[PDB]
Each structure stands twice: as structure tokens, then as C-alpha cells.
Amino acid sequence: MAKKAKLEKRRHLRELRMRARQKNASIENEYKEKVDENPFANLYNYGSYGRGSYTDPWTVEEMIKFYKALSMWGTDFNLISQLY
Amino acid sequence: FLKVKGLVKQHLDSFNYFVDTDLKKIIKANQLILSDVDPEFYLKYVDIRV
DNA sequence: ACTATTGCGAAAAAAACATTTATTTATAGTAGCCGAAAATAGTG
DNA sequence: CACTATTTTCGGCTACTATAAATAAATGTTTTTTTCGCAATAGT
């Protein structure tokens with residue numbers, strides 16, 4: 001049950017990326033999701049709580065806007081970070 | 001009398017009542033730990049099993 | 001109530017001092033995320 | 001009996017600490033201490 005649910009966890013994290021491409025305190029605590037903990041789900045390894053993440057692989061549509069600003073300026077990371 | 005209802009009646013029947021009933025009655029008197037900082041945080045004791 | 005005397009409480013700060021900023025080798029080792037392909041099983 | 005679809009099966013890849021050893025202005029915090037404020041308390 002935990003192994004099959006693990007693939008669903010990254011499944012929500014794929015659609016977050018492509019969409020980006022395009023007393024009173026307890027009331028909302030009741031409105032939050034209620035879930036049972038199974039000890040296999042939260043399991044941690046060496047790959048946990050660390051720097052870095054999975055970069056989006058680049059596209060050919062990004063290449064033509066990359067190579068053109070690469071050609072105009074020498075090498076300027078600053079303004080091209082705002083381009084993407 | 002002594003066959004079904006022994007001679008260590010006092011220590012058996014008192015402690016065995018403590019295990020079943022009274023242990024639920026303690027956590028229901030100290031449920032819902034709370035903090036002032038982060039007021040939307042809570043932890044609650046729902047049941048007890050030994 | 002309100003003002004004063006009190007203790008602590010929090011924060012500066014000081015001095016130190018290890019923790020970050022960009023290089024280059026790889027090398028083997030994880031570890032995550034992604035197809036690439038391939039067989040297998042439902043079902044036509 | 002055989003197509004179609006799928007769940008594997010298998011790399012493929014991309015990253016990513018490390019390492020030292022510089023340089024260096026931050027760039028964090030720590031203990032240790034000291035400062036400074038407020039509320040704590042009780043008597044105005």
C-alpha cells in the first residue's frame with residue numbers, strides 16, 4: 001500500500017511543474033486533510049533533507065532564446081534568469 | 001467461595017480494574033496538549049492500550 | 001489605580017570561529033526522476 | 001487464439017556531496033557576558 005502510494009506522491013509533483021509552465025484556528029485544522037500514518041510511508045534515506053532538486057530538462061524552444069542572448073552578450077546569467 | 005473467588009482477591013481485582021478502566025480516565029483528564037506559540041497546533045490522546 | 005523597587009529576560013556584542021561565495025580534476029557511489037523497451041496479460 | 005494495452009524491466013540521465021586549497025567579504029551562529037527593558041510584585 002505504501003509503495004503504490006509513493007508513485008502517486010510524485011504524480012502530484014509533475015502536474016505542479018507543468019501548471020507552472022502554463023478556537024478559530026482549529027476550524028481550519030478540521031478543514032485540513034485527515035490521514036492515518038503508516039510507518040512505511042514517511043520513510044527516509046540518505047537522499048533526504050538535502051540541497052538541490054530535479055531540474056526541468058531543457059527544450060529546443062528554450063535553445064533559440066538561449067543561443068540568441070548567449071550571442072548578443074558575452075556570458076550574463078543575470079538577465080537570462082528572468083527570461084526563464 | 002475460595003475456588004471461583006480466591007484469597008488474593010484484594011490485589012488482583014484492584015490492579016485489574018486499574019488496567020482496564022482507570023487508564024482511560026487519566027488521558028481523558030490530560031488530553032489536548034497545547035502551546036501558545038503556533039496556536040493552530042495540537043496533539044490529542046484518543047485511547048490507551050497496555 | 002498606579003508608581004516604584006526587582007529580578008530576570010532577552011538581546012547585544014564580543015571575540016572567536018567555523019560556515020558560505022566561485023574554480024578543477026575525476027571516481028566511485030547514491031539517489032532521484034525519466035523514459036525505453038519488452039514482455040505479458042486482459043480481452044477481443 | 002491473437003490483438004492491444006500495460007506493467008514492469010533496464011538502463012539513462014542528471015545531479016551531487018565529497019576532497020584540498022587557496023583566496024576573501026560576509027556570514028552565519030555560538031558561548032560568555034553584559035546590557036537593558038519590562039513586567040512582577042507589592043506597596044504605594
# chains A, B, ... in the order shown; residues from 1 in each chain; ligands from 1
call {"tool": "residues_around", "arguments": {"residues": "residue 29 (chain D)", "least_positions_apart": "5", "cutoff": "12 Å", "atoms": "only C-alpha atoms (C1' of nucleotides)", "output": "list in words"}}
result
residues 16, 17, 18 and 19 of chain C
call {"tool": "interface_residues", "arguments": {"of": "chain A", "to": "chain B", "cutoff": "9 Å", "atoms": "only C-alpha atoms", "output": "PyMOL selection string"}}
result
chain A and resi 23-26+28-29
call {"tool": "residues_around", "arguments": {"residues": "residue 22 (chain C)", "least_positions_apart": "5", "cutoff": "12 Å", "atoms": "only C-alpha atoms (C1' of nucleotides)", "output": "compact mmCIF listing (two decimals) with C-alpha atoms (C1' of nucleotides), in the first residue's frame"}}
result
# COMPACT_ATOMS: atom_id res chain seq x y z
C1' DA D 22 43.53 28.63 -1.81
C1' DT D 23 41.62 33.28 -1.67
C1' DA D 24 38.19 36.61 0.84
call {"tool": "interface_residues", "arguments": {"of": "chain A", "to": "chain D", "cutoff": "9 Å", "atoms": "only C-alpha atoms (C1' of nucleotides)", "output": "ChimeraX atom specification"}}
result
/A:51-55
call {"tool": "select_by_dssp", "arguments": {"residues": "chain A", "states": "alpha helix (DSSP H)", "output": "PDB file with N, CA, C and O atoms, in the first residue's frame"}}
result
ATOM      1  N   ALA A   2       1.986   1.231   0.721  1.00  0.00           N
ATOM      2  CA  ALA A   2       2.847   2.406   0.772  1.00  0.00           C
ATOM      3  C   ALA A   2       3.666   2.556  -0.503  1.00  0.00           C
ATOM      4  O   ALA A   2       3.935   3.683  -0.931  1.00  0.00           O
ATOM      5  N   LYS A   3       4.069   1.440  -1.117  1.00  0.00           N
ATOM      6  CA  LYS A   3       4.903   1.515  -2.311  1.00  0.00           C
ATOM      7  C   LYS A   3       4.097   2.022  -3.500  1.00  0.00           C
ATOM      8  O   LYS A   3       4.587   2.831  -4.296  1.00  0.00           O
ATOM      9  N   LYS A   4       2.854   1.552  -3.631  1.00  0.00           N
ATOM     10  CA  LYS A   4       1.991   2.000  -4.719  1.00  0.00           C
ATOM     11  C   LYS A   4       1.555   3.444  -4.518  1.00  0.00           C
ATOM     12  O   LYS A   4       1.361   4.175  -5.497  1.00  0.00           O
ATOM     13  N   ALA A   5       1.397   3.872  -3.264  1.00  0.00           N
ATOM     14  CA  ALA A   5       1.064   5.262  -2.983  1.00  0.00           C
ATOM     15  C   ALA A   5       2.254   6.191  -3.176  1.00  0.00           C
ATOM     16  O   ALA A   5       2.059   7.404  -3.312  1.00  0.00           O
ATOM     17  N   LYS A   6       3.479   5.657  -3.184  1.00  0.00           N
ATOM     18  CA  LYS A   6       4.645   6.513  -3.374  1.00  0.00           C
ATOM     19  C   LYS A   6       4.644   7.111  -4.774  1.00  0.00           C
ATOM     20  O   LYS A   6       5.026   8.273  -4.961  1.00  0.00           O
ATOM     21  N   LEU A   7       4.220   6.330  -5.771  1.00  0.00           N
ATOM     22  CA  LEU A   7       4.219   6.813  -7.146  1.00  0.00           C
ATOM     23  C   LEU A   7       3.173   7.905  -7.328  1.00  0.00           C
ATOM     24  O   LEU A   7       3.339   8.795  -8.170  1.00  0.00           O
ATOM     25  N   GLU A   8       2.096   7.850  -6.540  1.00  0.00           N
ATOM     26  CA  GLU A   8       1.083   8.899  -6.555  1.00  0.00           C
ATOM     27  C   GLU A   8       1.617  10.198  -5.964  1.00  0.00           C
ATOM     28  O   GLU A   8       1.136  11.281  -6.317  1.00  0.00           O
ATOM     29  N   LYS A   9       2.609  10.113  -5.073  1.00  0.00           N
ATOM     30  CA  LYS A   9       3.140  11.317  -4.441  1.00  0.00           C
ATOM     31  C   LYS A   9       3.904  12.170  -5.445  1.00  0.00           C
ATOM     32  O   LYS A   9       3.746  13.397  -5.472  1.00  0.00           O
ATOM     33  N   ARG A  10       4.735  11.544  -6.279  1.00  0.00           N
ATOM     34  CA  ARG A  10       5.433  12.284  -7.322  1.00  0.00           C
ATOM     35  C   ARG A  10       4.507  12.638  -8.478  1.00  0.00           C
ATOM     36  O   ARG A  10       4.846  13.511  -9.284  1.00  0.00           O
ATOM     37  N   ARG A  11       3.352  11.975  -8.571  1.00  0.00           N
ATOM     38  CA  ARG A  11       2.401  12.262  -9.640  1.00  0.00           C
ATOM     39  C   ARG A  11       1.790  13.648  -9.472  1.00  0.00           C
ATOM     40  O   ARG A  11       1.556  14.355 -10.461  1.00  0.00           O
ATOM     41  N   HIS A  12       1.527  14.055  -8.227  1.00  0.00           N
ATOM     42  CA  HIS A  12       1.082  15.422  -7.974  1.00  0.00           C
ATOM     43  C   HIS A  12       2.198  16.431  -8.211  1.00  0.00           C
ATOM     44  O   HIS A  12       1.920  17.596  -8.514  1.00  0.00           O
ATOM     45  N   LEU A  13       3.456  16.015  -8.073  1.00  0.00           N
ATOM     46  CA  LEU A  13       4.563  16.947  -8.225  1.00  0.00           C
ATOM     47  C   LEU A  13       4.943  17.157  -9.684  1.00  0.00           C
ATOM     48  O   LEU A  13       5.663  18.114  -9.990  1.00  0.00           O
ATOM     49  N   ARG A  14       4.478  16.288 -10.583  1.00  0.00           N
ATOM     50  CA  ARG A  14       4.642  16.514 -12.014  1.00  0.00           C
ATOM     51  C   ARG A  14       3.670  17.572 -12.524  1.00  0.00           C
ATOM     52  O   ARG A  14       4.053  18.442 -13.313  1.00  0.00           O
ATOM     53  N   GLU A  15       2.410  17.507 -12.084  1.00  0.00           N
ATOM     54  CA  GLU A  15       1.396  18.437 -12.565  1.00  0.00           C
ATOM     55  C   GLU A  15       1.553  19.825 -11.961  1.00  0.00           C
ATOM     56  O   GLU A  15       1.010  20.790 -12.508  1.00  0.00           O
ATOM     57  N   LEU A  16       2.283  19.948 -10.849  1.00  0.00           N
ATOM     58  CA  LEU A  16       2.616  21.271 -10.333  1.00  0.00           C
ATOM     59  C   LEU A  16       3.624  21.978 -11.231  1.00  0.00           C
ATOM     60  O   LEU A  16       3.596  23.210 -11.342  1.00  0.00           O
ATOM     61  N   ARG A  17       4.517  21.224 -11.875  1.00  0.00           N
ATOM     62  CA  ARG A  17       5.531  21.836 -12.727  1.00  0.00           C
ATOM     63  C   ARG A  17       4.921  22.316 -14.038  1.00  0.00           C
ATOM     64  O   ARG A  17       5.196  23.432 -14.493  1.00  0.00           O
ATOM     65  N   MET A  18       4.085  21.480 -14.662  1.00  0.00           N
ATOM     66  CA  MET A  18       3.533  21.820 -15.969  1.00  0.00           C
ATOM     67  C   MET A  18       2.459  22.894 -15.857  1.00  0.00           C
ATOM     68  O   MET A  18       2.245  23.657 -16.806  1.00  0.00           O
ATOM     69  N   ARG A  19       1.777  22.969 -14.712  1.00  0.00           N
ATOM     70  CA  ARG A  19       0.878  24.088 -14.458  1.00  0.00           C
ATOM     71  C   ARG A  19       1.656  25.381 -14.260  1.00  0.00           C
ATOM     72  O   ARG A  19       1.161  26.463 -14.602  1.00  0.00           O
ATOM     73  N   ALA A  20       2.872  25.292 -13.717  1.00  0.00           N
ATOM     74  CA  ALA A  20       3.722  26.471 -13.596  1.00  0.00           C
ATOM     75  C   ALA A  20       4.284  26.893 -14.947  1.00  0.00           C
ATOM     76  O   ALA A  20       4.587  28.075 -15.147  1.00  0.00           O
ATOM     77  N   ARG A  21       4.435  25.949 -15.879  1.00  0.00           N
ATOM     78  CA  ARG A  21       4.810  26.309 -17.244  1.00  0.00           C
ATOM     79  C   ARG A  21       3.734  27.165 -17.902  1.00  0.00           C
ATOM     80  O   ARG A  21       4.046  28.167 -18.555  1.00  0.00           O
ATOM     81  N   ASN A  24     -10.816  29.492  16.632  1.00  0.00           N
ATOM     82  CA  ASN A  24     -10.906  29.776  15.204  1.00  0.00           C
ATOM     83  C   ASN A  24      -9.771  29.123  14.426  1.00  0.00           C
ATOM     84  O   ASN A  24      -9.917  28.854  13.228  1.00  0.00           O
ATOM     85  N   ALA A  25      -8.636  28.863  15.080  1.00  0.00           N
ATOM     86  CA  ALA A  25      -7.539  28.181  14.404  1.00  0.00           C
ATOM     87  C   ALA A  25      -7.829  26.697  14.218  1.00  0.00           C
ATOM     88  O   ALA A  25      -7.315  26.080  13.278  1.00  0.00           O
ATOM     89  N   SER A  26      -8.643  26.110  15.096  1.00  0.00           N
ATOM     90  CA  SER A  26      -8.991  24.700  14.973  1.00  0.00           C
ATOM     91  C   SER A  26     -10.048  24.447  13.907  1.00  0.00           C
ATOM     92  O   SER A  26     -10.210  23.300  13.476  1.00  0.00           O
ATOM     93  N   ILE A  27     -10.770  25.485  13.480  1.00  0.00           N
ATOM     94  CA  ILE A  27     -11.784  25.314  12.444  1.00  0.00           C
ATOM     95  C   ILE A  27     -11.134  24.933  11.120  1.00  0.00           C
ATOM     96  O   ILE A  27     -11.552  23.978  10.456  1.00  0.00           O
ATOM     97  N   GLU A  28     -10.100  25.674  10.717  1.00  0.00           N
ATOM     98  CA  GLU A  28      -9.350  25.318   9.519  1.00  0.00           C
ATOM     99  C   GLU A  28      -8.498  24.071   9.714  1.00  0.00           C
ATOM    100  O   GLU A  28      -8.171  23.401   8.728  1.00  0.00           O
ATOM    101  N   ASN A  29      -8.131  23.742  10.956  1.00  0.00           N
ATOM    102  CA  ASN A  29      -7.468  22.468  11.214  1.00  0.00           C
ATOM    103  C   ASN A  29      -8.406  21.290  10.987  1.00  0.00           C
ATOM    104  O   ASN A  29      -7.962  20.220  10.554  1.00  0.00           O
ATOM    105  N   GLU A  30      -9.700  21.462  11.271  1.00  0.00           N
ATOM    106  CA  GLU A  30     -10.689  20.474  10.855  1.00  0.00           C
ATOM    107  C   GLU A  30     -10.827  20.427   9.340  1.00  0.00           C
ATOM    108  O   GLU A  30     -11.050  19.352   8.769  1.00  0.00           O
ATOM    109  N   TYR A  31     -10.690  21.576   8.674  1.00  0.00           N
ATOM    110  CA  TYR A  31     -10.814  21.638   7.223  1.00  0.00           C
ATOM    111  C   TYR A  31      -9.608  21.038   6.512  1.00  0.00           C
ATOM    112  O   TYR A  31      -9.697  20.732   5.317  1.00  0.00           O
ATOM    113  N   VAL A  60      13.991  22.661 -27.096  1.00  0.00           N
ATOM    114  CA  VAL A  60      14.527  23.349 -28.267  1.00  0.00           C
ATOM    115  C   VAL A  60      13.945  24.752 -28.380  1.00  0.00           C
ATOM    116  O   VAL A  60      14.607  25.672 -28.876  1.00  0.00           O
ATOM    117  N   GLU A  61      12.708  24.943 -27.915  1.00  0.00           N
ATOM    118  CA  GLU A  61      12.133  26.283 -27.840  1.00  0.00           C
ATOM    119  C   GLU A  61      12.923  27.174 -26.889  1.00  0.00           C
ATOM    120  O   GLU A  61      13.017  28.387 -27.107  1.00  0.00           O
ATOM    121  N   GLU A  62      13.491  26.596 -25.830  1.00  0.00           N
ATOM    122  CA  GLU A  62      14.347  27.353 -24.925  1.00  0.00           C
ATOM    123  C   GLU A  62      15.729  27.597 -25.521  1.00  0.00           C
ATOM    124  O   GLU A  62      16.388  28.580 -25.164  1.00  0.00           O
ATOM    125  N   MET A  63      16.179  26.718 -26.420  1.00  0.00           N
ATOM    126  CA  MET A  63      17.511  26.845 -27.009  1.00  0.00           C
ATOM    127  C   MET A  63      17.633  28.105 -27.858  1.00  0.00           C
ATOM    128  O   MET A  63      18.662  28.788 -27.818  1.00  0.00           O
ATOM    129  N   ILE A  64      16.597  28.429 -28.634  1.00  0.00           N
ATOM    130  CA  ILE A  64      16.684  29.570 -29.541  1.00  0.00           C
ATOM    131  C   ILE A  64      16.636  30.886 -28.776  1.00  0.00           C
ATOM    132  O   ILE A  64      17.251  31.875 -29.196  1.00  0.00           O
ATOM    133  N   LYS A  65      15.918  30.938 -27.652  1.00  0.00           N
ATOM    134  CA  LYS A  65      16.023  32.102 -26.780  1.00  0.00           C
ATOM    135  C   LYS A  65      17.277  32.074 -25.915  1.00  0.00           C
ATOM    136  O   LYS A  65      17.648  33.110 -25.353  1.00  0.00           O
ATOM    137  N   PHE A  66      17.929  30.917 -25.793  1.00  0.00           N
ATOM    138  CA  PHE A  66      19.191  30.837 -25.066  1.00  0.00           C
ATOM    139  C   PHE A  66      20.353  31.284 -25.946  1.00  0.00           C
ATOM    140  O   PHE A  66      21.145  32.148 -25.553  1.00  0.00           O
ATOM    141  N   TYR A  67      20.461  30.704 -27.144  1.00  0.00           N
ATOM    142  CA  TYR A  67      21.601  30.959 -28.020  1.00  0.00           C
ATOM    143  C   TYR A  67      21.609  32.388 -28.545  1.00  0.00           C
ATOM    144  O   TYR A  67      22.676  32.914 -28.889  1.00  0.00           O
ATOM    145  N   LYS A  68      20.444  33.033 -28.621  1.00  0.00           N
ATOM    146  CA  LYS A  68      20.399  34.402 -29.122  1.00  0.00           C
ATOM    147  C   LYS A  68      20.914  35.393 -28.083  1.00  0.00           C
ATOM    148  O   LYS A  68      21.644  36.329 -28.429  1.00  0.00           O
ATOM    149  N   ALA A  69      20.544  35.214 -26.812  1.00  0.00           N
ATOM    150  CA  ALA A  69      21.087  36.074 -25.767  1.00  0.00           C
ATOM    151  C   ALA A  69      22.522  35.696 -25.430  1.00  0.00           C
ATOM    152  O   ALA A  69      23.318  36.559 -25.044  1.00  0.00           O
ATOM    153  N   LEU A  70      22.862  34.411 -25.565  1.00  0.00           N
ATOM    154  CA  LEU A  70      24.251  33.972 -25.494  1.00  0.00           C
ATOM    155  C   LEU A  70      25.116  34.649 -26.553  1.00  0.00           C
ATOM    156  O   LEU A  70      26.295  34.927 -26.306  1.00  0.00           O
ATOM    157  N   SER A  71      24.547  34.927 -27.729  1.00  0.00           N
ATOM    158  CA  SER A  71      25.309  35.545 -28.810  1.00  0.00           C
ATOM    159  C   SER A  71      25.397  37.061 -28.668  1.00  0.00           C
ATOM    160  O   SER A  71      26.417  37.651 -29.043  1.00  0.00           O
ATOM    161  N   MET A  72      24.355  37.709 -28.145  1.00  0.00           N
ATOM    162  CA  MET A  72      24.382  39.164 -28.027  1.00  0.00           C
ATOM    163  C   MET A  72      25.357  39.596 -26.937  1.00  0.00           C
ATOM    164  O   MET A  72      26.278  40.382 -27.185  1.00  0.00           O
ATOM    165  N   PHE A  77      24.458  35.611 -16.750  1.00  0.00           N
ATOM    166  CA  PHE A  77      23.431  34.766 -16.152  1.00  0.00           C
ATOM    167  C   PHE A  77      22.273  35.580 -15.591  1.00  0.00           C
ATOM    168  O   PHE A  77      21.195  35.023 -15.355  1.00  0.00           O
ATOM    169  N   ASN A  78      22.476  36.880 -15.366  1.00  0.00           N
ATOM    170  CA  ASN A  78      21.565  37.659 -14.532  1.00  0.00           C
ATOM    171  C   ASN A  78      20.230  37.879 -15.235  1.00  0.00           C
ATOM    172  O   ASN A  78      19.170  37.511 -14.715  1.00  0.00           O
ATOM    173  N   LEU A  79      20.264  38.483 -16.425  1.00  0.00           N
ATOM    174  CA  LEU A  79      19.033  38.843 -17.121  1.00  0.00           C
ATOM    175  C   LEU A  79      18.353  37.626 -17.734  1.00  0.00           C
ATOM    176  O   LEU A  79      17.128  37.624 -17.898  1.00  0.00           O
ATOM    177  N   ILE A  80      19.122  36.591 -18.077  1.00  0.00           N
ATOM    178  CA  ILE A  80      18.542  35.399 -18.686  1.00  0.00           C
ATOM    179  C   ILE A  80      17.838  34.532 -17.651  1.00  0.00           C
ATOM    180  O   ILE A  80      17.009  33.690 -18.018  1.00  0.00           O
ATOM    181  N   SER A  81      18.147  34.715 -16.364  1.00  0.00           N
ATOM    182  CA  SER A  81      17.385  34.045 -15.316  1.00  0.00           C
ATOM    183  C   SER A  81      15.962  34.585 -15.245  1.00  0.00           C
ATOM    184  O   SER A  81      15.021  33.832 -14.972  1.00  0.00           O
ATOM    185  N   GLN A  82      15.784  35.886 -15.484  1.00  0.00           N
ATOM    186  CA  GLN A  82      14.448  36.467 -15.503  1.00  0.00           C
ATOM    187  C   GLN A  82      13.706  36.140 -16.792  1.00  0.00           C
ATOM    188  O   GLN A  82      12.469  36.152 -16.803  1.00  0.00           O
ATOM    189  N   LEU A  83      14.437  35.857 -17.872  1.00  0.00           N
ATOM    190  CA  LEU A  83      13.810  35.459 -19.127  1.00  0.00           C
ATOM    191  C   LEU A  83      13.057  34.145 -18.968  1.00  0.00           C
ATOM    192  O   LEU A  83      11.947  33.985 -19.489  1.00  0.00           O
TER     193      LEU A  83
END
call {"tool": "residues_around", "arguments": {"residues": "residue 32 (chain D)", "least_positions_apart": "4", "cutoff": "12 Å", "atoms": "only C-alpha atoms (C1' of nucleotides)", "output": "list in words"}}
result
residues 13, 14, 15 and 16 of chain C
call {"tool": "write_last_selection", "arguments": {"atoms": "N, CA, C and O atoms (P, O5', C5', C4', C3', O3' and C1' of nucleotides)", "output": "mmCIF file, in the first residue's frame"}}
result
data_model
loop_
_atom_site.group_PDB
_atom_site.id
_atom_site.type_symbol
_atom_site.label_atom_id
_atom_site.label_comp_id
_atom_site.auth_asym_id
_atom_site.auth_seq_id
_atom_site.Cartn_x
_atom_site.Cartn_y
_atom_site.Cartn_z
ATOM 1 P P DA C 13 25.591 46.124 20.027
ATOM 2 O "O5'" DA C 13 26.892 46.136 20.961
ATOM 3 C "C5'" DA C 13 26.932 45.307 22.116
ATOM 4 C "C4'" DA C 13 28.053 44.289 21.996
ATOM 5 C "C3'" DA C 13 28.626 44.110 20.577
ATOM 6 O "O3'" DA C 13 30.025 43.868 20.659
ATOM 7 C "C1'" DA C 13 28.013 42.066 21.394
ATOM 8 P P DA C 14 31.086 45.075 20.708
ATOM 9 O "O5'" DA C 14 32.011 44.692 21.957
ATOM 10 C "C5'" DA C 14 31.625 43.611 22.801
ATOM 11 C "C4'" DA C 14 32.635 42.477 22.765
ATOM 12 C "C3'" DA C 14 33.562 42.458 21.548
ATOM 13 O "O3'" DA C 14 34.838 41.968 21.938
ATOM 14 C "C1'" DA C 14 32.381 40.450 21.635
ATOM 15 P P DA C 15 36.159 42.313 21.089
ATOM 16 O "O5'" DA C 15 37.201 41.200 21.576
ATOM 17 C "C5'" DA C 15 36.752 40.172 22.450
ATOM 18 C "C4'" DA C 15 36.775 38.819 21.759
ATOM 19 C "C3'" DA C 15 37.543 38.769 20.430
ATOM 20 O "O3'" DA C 15 38.746 38.011 20.602
ATOM 21 C "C1'" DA C 15 35.523 37.500 20.373
ATOM 22 P P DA C 16 39.596 37.478 19.343
ATOM 23 O "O5'" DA C 16 38.978 36.029 19.062
ATOM 24 C "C5'" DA C 16 38.613 35.192 20.153
ATOM 25 C "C4'" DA C 16 37.781 34.015 19.678
ATOM 26 C "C3'" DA C 16 38.359 33.238 18.484
ATOM 27 O "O3'" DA C 16 38.350 31.849 18.794
ATOM 28 C "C1'" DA C 16 36.101 33.762 18.109
#
call {"tool": "residues_around", "arguments": {"residues": "residue 39 (chain C)", "least_positions_apart": "2", "cutoff": "12 Å", "atoms": "only C-alpha atoms (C1' of nucleotides)", "output": "JSON, numbers by chain"}}
result
{"C": [37, 41], "D": [5, 6, 7, 8, 9]}
call {"tool": "write_last_selection", "arguments": {"atoms": "N, CA and C atoms (P, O5', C5', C4', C3', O3' and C1' of nucleotides)", "output": "compact mmCIF listing (two decimals), in the first residue's frame"}}
result
# COMPACT_ATOMS: atom_id res chain seq x y z
P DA C 37 14.03 2.55 -27.20
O5' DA C 37 13.58 1.15 -26.58
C5' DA C 37 14.53 0.35 -25.88
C4' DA C 37 13.85 -0.79 -25.15
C3' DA C 37 13.13 -1.82 -26.03
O3' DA C 37 13.37 -3.12 -25.51
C1' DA C 37 11.68 -1.03 -24.38
P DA C 41 1.07 -13.04 -17.61
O5' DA C 41 -0.06 -12.38 -16.69
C5' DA C 41 -0.14 -10.97 -16.58
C4' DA C 41 -1.34 -10.42 -17.33
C3' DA C 41 -2.50 -11.42 -17.54
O3' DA C 41 -3.73 -10.77 -17.27
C1' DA C 41 -1.92 -10.44 -19.58
P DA D 5 -5.22 -0.24 -27.41
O5' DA D 5 -4.99 -0.15 -25.83
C5' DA D 5 -5.64 -1.07 -24.97
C4' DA D 5 -4.73 -1.51 -23.84
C3' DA D 5 -3.89 -0.39 -23.19
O3' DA D 5 -3.96 -0.51 -21.78
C1' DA D 5 -2.50 -2.17 -23.81
P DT D 6 -3.72 0.75 -20.82
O5' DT D 6 -3.15 0.10 -19.48
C5' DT D 6 -3.26 -1.31 -19.29
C4' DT D 6 -1.94 -1.91 -18.85
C3' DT D 6 -1.01 -0.96 -18.08
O3' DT D 6 -0.51 -1.62 -16.92
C1' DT D 6 0.17 -2.04 -19.77
P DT D 7 -0.46 -0.85 -15.51
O5' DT D 7 -0.23 -2.03 -14.45
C5' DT D 7 -0.11 -3.37 -14.89
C4' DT D 7 1.34 -3.82 -14.92
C3' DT D 7 2.25 -3.12 -13.91
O3' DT D 7 3.03 -4.08 -13.20
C1' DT D 7 3.20 -3.03 -16.06
P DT D 8 3.73 -3.70 -11.81
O5' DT D 8 5.12 -3.04 -12.25
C5' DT D 8 6.33 -3.78 -12.15
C4' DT D 8 6.51 -4.68 -13.36
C3' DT D 8 7.94 -5.14 -13.61
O3' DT D 8 7.97 -6.50 -14.03
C1' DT D 8 7.14 -3.95 -15.50
P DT D 9 9.23 -7.42 -13.66
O5' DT D 9 10.41 -6.86 -14.59
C5' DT D 9 10.43 -7.17 -15.98
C4' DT D 9 11.61 -6.51 -16.67
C3' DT D 9 12.87 -6.34 -15.81
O3' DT D 9 14.01 -6.82 -16.52
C1' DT D 9 12.26 -4.28 -16.81
call {"tool": "residues_around", "arguments": {"residues": "residue 30 (chain B)", "least_positions_apart": "2", "cutoff": "12 Å", "atoms": "only C-alpha atoms (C1' of nucleotides)", "output": "MDAnalysis selection string"}}
result
chainID B and resid 23:28 32:34 43:47
call {"tool": "write_last_selection", "arguments": {"atoms": "N, CA and C atoms", "output": "compact mmCIF listing (two decimals), in the first residue's frame"}}
result
# COMPACT_ATOMS: atom_id res chain seq x y z
N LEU B 23 -7.10 3.75 33.35
CA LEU B 23 -6.11 4.28 32.42
C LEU B 23 -6.74 5.13 31.33
N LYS B 24 -7.96 4.79 30.91
CA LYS B 24 -8.70 5.68 30.03
C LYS B 24 -9.11 6.97 30.74
N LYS B 25 -9.33 6.90 32.05
CA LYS B 25 -9.81 8.06 32.80
C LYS B 25 -8.72 9.07 33.08
N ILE B 26 -7.45 8.71 32.90
CA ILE B 26 -6.34 9.63 33.12
C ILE B 26 -6.06 10.47 31.88
N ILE B 27 -5.96 9.82 30.72
CA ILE B 27 -5.68 10.55 29.49
C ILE B 27 -6.86 11.41 29.05
N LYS B 28 -8.08 11.06 29.46
CA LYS B 28 -9.22 11.94 29.27
C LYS B 28 -9.22 13.13 30.22
N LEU B 32 -5.35 16.84 24.93
CA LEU B 32 -5.24 18.09 24.18
C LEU B 32 -4.16 18.99 24.78
N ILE B 33 -2.92 18.52 24.64
CA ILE B 33 -1.76 19.38 24.91
C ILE B 33 -1.76 20.53 23.92
N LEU B 34 -1.42 21.73 24.41
CA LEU B 34 -1.46 22.93 23.59
C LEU B 34 -0.27 23.82 23.91
N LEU B 43 -2.08 18.25 19.83
CA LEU B 43 -1.89 16.81 19.87
C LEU B 43 -2.83 16.26 20.92
N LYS B 44 -3.55 15.19 20.59
CA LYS B 44 -4.60 14.67 21.46
C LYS B 44 -4.43 13.18 21.71
N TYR B 45 -4.69 12.77 22.95
CA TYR B 45 -4.63 11.37 23.37
C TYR B 45 -6.03 10.78 23.22
N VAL B 46 -6.19 9.85 22.28
CA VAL B 46 -7.52 9.34 21.97
C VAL B 46 -7.84 8.06 22.75
N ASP B 47 -6.85 7.20 22.98
CA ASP B 47 -7.09 5.95 23.69
C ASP B 47 -5.78 5.44 24.27
call {"tool": "interface_residues", "arguments": {"of": "chain C", "to": "chain A", "cutoff": "10 Å", "atoms": "only C-alpha atoms (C1' of nucleotides)", "output": "PyMOL selection string"}}
result
chain C and resi 30-33
call {"tool": "residues_around", "arguments": {"residues": "region 6-8 of chain C", "least_positions_apart": "3", "cutoff": "12 Å", "atoms": "only C-alpha atoms (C1' of nucleotides)", "output": "ChimeraX atom specification"}}
result
/D:36-42
call {"tool": "decode", "arguments": {"residues": "region 15-32 of chain C", "atoms": "C-alpha atoms (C1' of nucleotides)", "output": "short mmCIF file (atom, residue, chain, number, x, y, z; two decimals), in the first residue's frame"}}
result
data_model
loop_
_atom_site.label_atom_id
_atom_site.label_comp_id
_atom_site.auth_asym_id
_atom_site.auth_seq_id
_atom_site.Cartn_x
_atom_site.Cartn_y
_atom_site.Cartn_z
"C1'" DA C 15 35.52 37.50 20.37
"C1'" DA C 16 36.10 33.76 18.11
"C1'" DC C 17 35.36 30.95 14.59
"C1'" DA C 18 33.65 27.72 11.72
"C1'" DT C 19 30.16 28.42 7.64
"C1'" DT C 20 29.39 30.45 2.70
"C1'" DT C 21 30.56 32.76 -2.00
"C1'" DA C 22 33.20 30.93 -7.09
"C1'" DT C 23 37.44 27.04 -9.56
"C1'" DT C 24 39.27 21.98 -11.50
"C1'" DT C 25 40.32 17.37 -11.53
"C1'" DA C 26 37.72 12.88 -11.54
"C1'" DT C 27 35.95 8.32 -9.30
"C1'" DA C 28 33.12 5.62 -7.41
"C1'" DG C 29 28.64 5.85 -5.08
"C1'" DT C 30 23.60 7.33 -4.27
"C1'" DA C 31 19.57 8.88 -5.48
"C1'" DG C 32 16.13 10.82 -7.67
#
